[PDB]
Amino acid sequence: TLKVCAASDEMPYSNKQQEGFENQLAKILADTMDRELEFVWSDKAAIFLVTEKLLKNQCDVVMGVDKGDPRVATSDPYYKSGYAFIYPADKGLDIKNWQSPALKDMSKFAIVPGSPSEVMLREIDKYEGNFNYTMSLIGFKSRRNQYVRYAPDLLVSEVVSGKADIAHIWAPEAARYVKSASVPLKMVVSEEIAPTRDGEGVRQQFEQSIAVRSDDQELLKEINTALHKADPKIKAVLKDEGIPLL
């Protein structure tokens, strides 16, 4: 069997109903390895899958982490994507990158804190004026909110509604919602490394890999073999989802 650590409520990646794109990928990976797929569901956000499940031996595979994540062994990358600007189409907006003068005329930015989006918002001096807006959207832990859910469809919706001038979101998180949007949206993928005046370049594009525990080297080899074998099916799922592939 292939025991896959997965979030029970983190669309579009995963849910207990197996409707997320990584749930589909897990099925492909298990089939290709001739194993029976067994999900191990977490009630926490997917960002905790590595530390609370995988590294505690509750399951053996995490479907998506950045290549080279120090905490784990990572497979050959099975795709690369990036953070992207998301804004209404047909409004004559010229937005290609973080140096676009258009961004300077905006005030409401739908972003995820702790992401490269935050680093760049500070860089262009819009972070402070956008803080209250961002905090009205993103959930944090409290006594009343022990399981802090991540909903990127909310951020896309803010652009559709016009409450956000623009969003800057990890594209795999946003892609299906940009497609199903009720008004036409543009999704422009950021440059790989965004320049900053004083700091260093801020990476906006990331290779994604399967993760296993660092000592699970034999499993890792089987995974790499399967990934190469199933590559067309894997890429097809990702493309169907609407994910920009770099």
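Residue numbers run from 1 along the displayed sequence.
>> If you take the mean CA temperature factor per stretch, which one wins between 193-201 and 35-43?
In response: Stretch with the higher mean C-alpha B-factor: 193-201.
>> Please compare 136-144 with 72-80 and say which has the higher mean C-alpha temperature factor in the record.
In response: It is 136-144 that shows the higher mean C-alpha B-factor.
> From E158, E173, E118, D90, pick the one with the largest CA B-factor in the entry?
Replying inline: Across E158, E173, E118, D90, the entry lists the biggest C-alpha B-factor for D90.
> For the listed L55, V62, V183, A26, which has the peak Cα B-factor recorded in the PDB entry?
Replying inline: The listed residue with the largest C-alpha B-factor is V183.
> Lowest, middle or highest third: where is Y150 by Cα B-factor in its chain?
Replying inline: Highest third - that is where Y150 ends up once the chain's C-alpha B-factors are sorted.
>> Lowest, middle or highest third: which one holds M106 when the chain's residues are ordered by CA B-factor from the entry?
In response: It falls in the middle third of the chain.
> Ranked by Cα temperature factor within the chain, is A164 in the lowest third, the middle third or the highest third?
Replying inline: For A164, whose C-alpha B-factor we compare with every modelled residue in the chain, the answer is the middle third.
> Going by the entry, which third of its chain does the Cα temperature factor of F85 land in?
Replying inline: Bottom third by C-alpha B-factor.
>> Among the modelled residues of this chain, does the Cα B factor of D231 put it in the lowest, middle or highest third?
In response: Tercile = middle for this residue's CA B-factor.
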